[PDB]
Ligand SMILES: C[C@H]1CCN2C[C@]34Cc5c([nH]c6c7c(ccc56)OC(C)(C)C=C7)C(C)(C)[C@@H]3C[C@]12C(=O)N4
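Coming up is one lone chain in structure tokens, specifically the form deposited without this ligand.
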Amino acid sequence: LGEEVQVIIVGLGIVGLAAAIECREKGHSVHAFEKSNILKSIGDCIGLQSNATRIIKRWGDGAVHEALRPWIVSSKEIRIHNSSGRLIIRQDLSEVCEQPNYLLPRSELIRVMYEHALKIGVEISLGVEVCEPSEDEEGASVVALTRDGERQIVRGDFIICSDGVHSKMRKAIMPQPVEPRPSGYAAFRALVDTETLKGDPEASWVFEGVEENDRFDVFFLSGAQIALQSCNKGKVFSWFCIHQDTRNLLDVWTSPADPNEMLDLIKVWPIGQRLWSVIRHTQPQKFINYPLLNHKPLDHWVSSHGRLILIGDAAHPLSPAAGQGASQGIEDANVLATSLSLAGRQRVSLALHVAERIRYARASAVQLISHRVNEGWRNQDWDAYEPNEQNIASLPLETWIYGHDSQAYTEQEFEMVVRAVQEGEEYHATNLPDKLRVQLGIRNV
């Protein structure tokens, strides 16, 4: 017959934009829907590791990577300090940053990806909340709701559910929700106002060397782990502070936290004032206190008829750390688009199920390693013990993660995964260490 493949994408965060670009560059017709005004600045910085940048580098013949070049990480080490600000450990980043990594405001990453998606012909509809997905053996559909209450049925060959950690699409796949477990920790975090930071002489130290090497400082205080970073030659500074918090906080990016809670936490220790000299230039409405919740892996990501798939934080939400949360979502988009092109238009359900088998254990392993990091904090004493790079929130920094080429793996393994899906056998993926799958309690889909 020959009609274009019709892809529906629900949610244009990082992962939905990546999926839109990957699918459109395979020639599909892509209609993406997003309920919020995503061009408005919100949040702070996102990191992307080499497993994500090697995917991004292929897009638009390298054009997106060229746009992101100012944001390539130039830190060569993490400088880890105690509560007096004395340097204890320099953790070398030369292998992690052998290939490009990015650090940049999330809103700027969104803007660059959005502009590329428009340029290549992704159809985008903002101010639309998608609900009520359905599917049968031949296609899928959703209801698109504008804010003024107009309803429209939208039909497609399959739905990519990239609607984030609070995904309402997720109830179409998993009938019952599993509530995440609070880690007992939260992260104060924000961007600093660079203009007021400049011209505060008591904060001038933070600019030292940032035009040659991005700042990447960590400080361990009793009950407080503070990271301070710069990017794009000192144009942007960001920070976070991991701390105990048992309040019933919502995991959203929209509510202003009390800056004095952060000040009280750090000002009683020797380095606190020096840290505050920079962090006090955070705009008073931009202080975020984000709870770190641990989500268990889902039983599966693909719907009964194989025409809806959860990817990104809808499927495997992690704490904002490493860059690996976002980076795993970008691998979702790449593997899914590659699977769709190897399977062909007549085998959509196969393509989605193959993508799931390739992604599931690897994504779940990154998720469970993330849990181990914040579960370790309850047994630690950051005042009594010397600072330990093993305790930093930026972990894991593992070659089997950031060195991986998800597209090449998918090409090589596609026919083997097809046989597993069609025969109903387990697929033992080798895109994570052999013993890691069994070691973490991971149950194959």
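Residues carry their position along the shown sequence, with the first being 1. Under this definition, the rigid core comprises the largest set of C-alpha atoms superposing within 1.5 Å between the forms.
There is another form of the same protein, the form solved in complex with this ligand; it is not shown, and what comes next is about it.
Placing this ligand onto this chain after superposition of the site C-alphas, with its pose taken in the entry with it bound, gives at least three ligand atoms within 2.4 angstroms of backbone or C-beta atoms; the site is classed as blocked.
Contact annotation for the candidate site: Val5, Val154 and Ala351 all lie away from this ligand in the entry with it bound (no heavy atom within 4.5 Å). Just one listed stretch, out of 356-364, 266-274, 72-80, 176-184, contacts this ligand in the entry with it bound at the 4.5 Å heavy atom level, and that stretch is 72-80.
Contact annotation: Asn101 falls within 4.5 Å of this ligand in the entry with it bound, judged by heavy atom distances. Using a 4.5 angstroms threshold between heavy atoms, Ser406 stays clear of this ligand in the entry with it bound. Put simply, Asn289 is far from this ligand in the entry with it bound: not one heavy atom of it is within 4.5 Å. Although the partner is absent from this view, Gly376 stays clear of this ligand in the entry with it bound, with no non-hydrogen atom inside 4.5 angstroms. When this ligand is considered in the entry with it bound, only one residue from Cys97, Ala203, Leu368, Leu293 comes within 4.5 Å through any heavy atom, namely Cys97. Note on the partner interface in the entry with it bound: the residue among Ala140, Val302, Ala321, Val210 having a heavy atom within 4.5 angstroms of this ligand is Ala321. Applying a 4.5 Å heavy atom cutoff to this ligand in the entry with it bound picks out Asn391, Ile392, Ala393, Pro396, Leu397 from 373-412, in order along the sequence. Only one of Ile46, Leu68, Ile392, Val418 has its Cα shifted by 2 Å or more between this form and the one not shown after fitting on the core, and that residue is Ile392. Relative to the superposed rigid core, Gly312 undergoes a CA displacement smaller than 2 Å between this form and the one not shown. With a cut-off of 2 Å and the rigid core superposed, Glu375 has a Cα displacement that reaches or exceeds the cut-off between this form and the one not shown. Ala365 shows a C-alpha shift below 2 Å between this form and the one not shown [criterion: core-superposed Cα displacement of 2 Å]. Relative to what is shown, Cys231 and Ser394 are farther apart in the entry with it bound; their C-alpha atoms differ in spacing by at least 3 Å. The pair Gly62 and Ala321 separates in the entry with it bound: their C-alpha atoms are at least 3 Å more distant from each other than in the form depicted.
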